[PDB]
């Protein structure tokens, strides 16, 4: 592994496709290695752009635009932060010699539930929820019938729960089907049975030159399509853990390429069920900013740059809790910060330029003697911040 000096002729260049808070930490980790960072997004002053050498605002869904910026910048690495990109163009660029992290195929299978679902369930022969795909309401109706209640319906092109519906009753069908055609692209869906699990975890799995290494399991609480709190390590049976790792390894190896992956699983006793996987750092993993020697962002960079991980140290019970206010403003200020920091307690404020509704503006990070106390410490701190408009 040879690294140049950022801004110099031999500089090593990383292009970030998506400049949110996750991308912001990757940018930081690149900067720490004197790696040149070019932050791209669909709006100005995105968080990662604050810490990049330079940036561009483009429609990442537009492959011609993608090609143009890439060609312009000639990056050594293309690192997507989100699903919403012209992956077809990534495939092309990769085919043309670009290094897409972790690999372009990985980004495509994952942006489509069908792709990934089939791979895991069928190909990989892995445990997942019951499901069915449908191209028409009739089929939709048909499928919901085959799956039963309650059930979940999601566009094969959905995230943050966008265009999805929890179904317990036939009465929702008109709206459900409509919600589904609504989000994502705006027309195919998936109908999954509902899993009754003890808890959900994110198994942050890094695939690098020295193989696959795992972070301790991250548990989390989802609400209204948003994670609220995350903690580590989530208590699980040795057997359960063992099964989760097997699943994670099979999946990452199957997707291919080096990087950090967020493997979403469900746990019921010693039983583990595959849900889905992010081919990049996961929001829940923000707890690793205080819980490990190497954060999920640092692991991602280490891996993609072709460097060995060796090991991951975990510093005891830890937690993250989001700062998710809801208002409309283009000049947000944060008060009472002094009551959100202290021993074993930190906060991050993203730099987002504006808000117009519910948006993640920061996160609180805490460690404690117990996971339960870590959670409370983090929640309480997030709650002390007064978000003004």
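Positions refer to the first chain, counted from 1. Rigid core: the largest C-alpha set superposing within 1.5 Å between the two forms.
**Q** Which of these two stretches, 165-173 or 281-289, has the larger RMS Cα offset in 6 other deposited structures of this protein when the rigid core is kept aligned?
**A** Result of the core-fitted comparison in 6 other deposited structures of this protein: 165-173 deviates more.
**Q** Root mean square C-alpha distance from this form after a core fit in 6 other deposited structures of this protein: higher for 131-139 or for 195-203?
**A** Stretch with the larger root mean square C-alpha distance in 6 other deposited structures of this protein: 131-139.
**Q** Coordinates for residue 213 lacking in at least a third of the other PDB entries compared?
**A** Negative; every one of those entries includes residue 213.
**Q** Counting only other entries where the flanking residues are modelled, do a third or more lack residue 184?
**A** In at least a third of the comparable entries (those modelling both sides of it), residue 184 has no coordinates.
**Q** I'd like the number of residues from the deposited sequence that lie between residue 186 and residue 187 yet are not in the model, binned as none, 1 to 3, 4 to 9, or 10 or more.
**A** Unmodelled stretch: 1 to 3 residues, a short break.
**Q** What stretch has the higher average Cα B-factor here, 256-264 or 289-297?
**A** On average, C-alpha B-factors are higher across 256-264.
**Q** Regarding 195-203 and 131-139, which shows the higher C-alpha temperature factor on average in the entry?
**A** Looking at the recorded C-alpha B-factors, 131-139 comes out higher on average.
**Q** Pick out which of 307, 116, 251, 218 has the highest C-alpha B-factor in the PDB entry.
**A** The record points to 116.
**Q** Name the one of 75, 211, 148, 311 with the greatest CA B-factor according to the PDB entry.
**A** The listed residue with the largest C-alpha B-factor is 148.
**Q** Based on the deposited C-alpha B factors for this chain, I'd like to know if residue 321 is in the lowest, middle or highest third.
**A** Residue 321: CA B-factor falls in the lowest third of its chain.
**Q** Lowest, middle or highest third: which one holds residue 44 when the chain's residues are ordered by CA B-factor from the entry?
**A** Answer is middle: the recorded C-alpha B-factor places it there.
**Q** Ranked by Cα temperature factor within the chain, is residue 68 in the lowest third, the middle third or the highest third?
**A** It falls in the middle third of the chain.
**Q** Sorting the chain's modelled residues by C-alpha B-factor, tell me whether residue 315 ends up in the lowest, middle or highest third.
**A** Lowest third, going by the recorded CA B-factors of the chain.
**Q** Split into thirds by Cα B-factor across the chain's modelled residues, where does residue 229 land: lowest, middle or highest?
**A** Within its chain, residue 229 is a lowest-third residue by C-alpha B-factor, going by the deposited values.
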